[PDB]
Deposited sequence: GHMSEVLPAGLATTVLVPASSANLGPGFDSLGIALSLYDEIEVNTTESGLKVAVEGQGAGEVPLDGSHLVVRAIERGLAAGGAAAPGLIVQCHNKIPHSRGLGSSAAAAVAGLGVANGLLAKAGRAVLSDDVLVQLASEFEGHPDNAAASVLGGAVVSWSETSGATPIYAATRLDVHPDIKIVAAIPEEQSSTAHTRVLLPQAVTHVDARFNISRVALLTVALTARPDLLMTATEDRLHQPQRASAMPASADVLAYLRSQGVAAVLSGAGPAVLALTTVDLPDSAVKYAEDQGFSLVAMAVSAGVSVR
């Protein structure tokens, strides 16, 4: 496979994302305006990884770094190989918080591949290929499709599993606030038909509430297939979630938590802001973001 020239550079901006959004377990995701920025240069030989910000000192500084793995996977998919790499990460996406830092790193590395391929005069990978490859790193497509495509996404799989997604236009009156604090619960293998039908009606309603009917966000963010089962092992997230919802705020777990996402139609009460902080949660307002950007 054609070895890339040395001396190419590209910079990538990848957003955080929040999966599930209540009942949309393993399918729904939404891209948020909190970014990691990755700058990469091709060189004659070797690999240097530098990391500043979130996860600094917690991520590997070698070829096992998720971004580097994704760079190499994307290049291979594009029929190329890097002669050598310098990789600099400026991270603002918190790790292990439910905001999709692993998915963003894979999407970023694949974005870097598209940047390097283009500047070498080669074909880039289509968004569908980006979604496929990023989801393979995660094992499920919801965060990955969100970081690739932006907006809100409906993702799905076909079973070598195929991963795909489509982008929704989030209603402009919906504003997202993330409550971010400072092992995974085993989910039931089987669920009642009644509970499955419940989530079916709610996730179907959720795509409508995200796009056309923001007044239905409370009803559409109800869930019976993962949030109640996770509550006892993460009481403070469950407590903040319960409090926001009791105040009419459409609150959901950000993925598996512990962060909590509020899909708001009016600004949060000062009381709710104070309640979250008392539990240890910082409230960060975020806009729905576009997908990964490459230049």
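- By the record, the deposited chain contains unmodelled runs at 1-3, 163-165, 189-195, with no C-alpha atoms placed there.
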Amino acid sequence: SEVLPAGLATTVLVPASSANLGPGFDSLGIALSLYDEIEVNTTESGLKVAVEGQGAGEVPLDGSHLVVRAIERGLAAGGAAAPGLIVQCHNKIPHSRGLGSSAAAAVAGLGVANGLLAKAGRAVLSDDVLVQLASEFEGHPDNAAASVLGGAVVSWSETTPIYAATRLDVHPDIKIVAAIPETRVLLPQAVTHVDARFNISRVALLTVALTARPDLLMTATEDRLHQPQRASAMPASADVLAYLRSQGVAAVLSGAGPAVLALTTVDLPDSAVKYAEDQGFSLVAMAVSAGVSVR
From here on, numbers count along this sequence of modelled residues.
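- Averaged over CA atoms, B-factors in the entry run higher in 73-81 than in the other of 73-81 and 219-227.
- The stretch with the higher mean CA B factor, choosing between 265-273 and 228-236, is 265-273.
- Of the candidates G57, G46, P258, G29, it is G46 whose Cα B-factor is highest according to the PDB record.
- Residues shown: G98, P161, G111, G151. Highest C-alpha temperature factor in the entry: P161.
- Annotation for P214: C-alpha temperature factor in the lowest third relative to the rest of the modelled chain, per the entry.
- Ranked within its chain, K92 lands in the middle third, by CA B factor from the PDB record.
- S157: CA B factor in the middle third of modelled residues in this chain (values from the PDB entry).
- Sort the chain's modelled residues by C-alpha temperature factor and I180 lands in the middle third, per the entry.
- When the modelled residues of the chain are ordered by their C-alpha B factor, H140 lands in the highest third.
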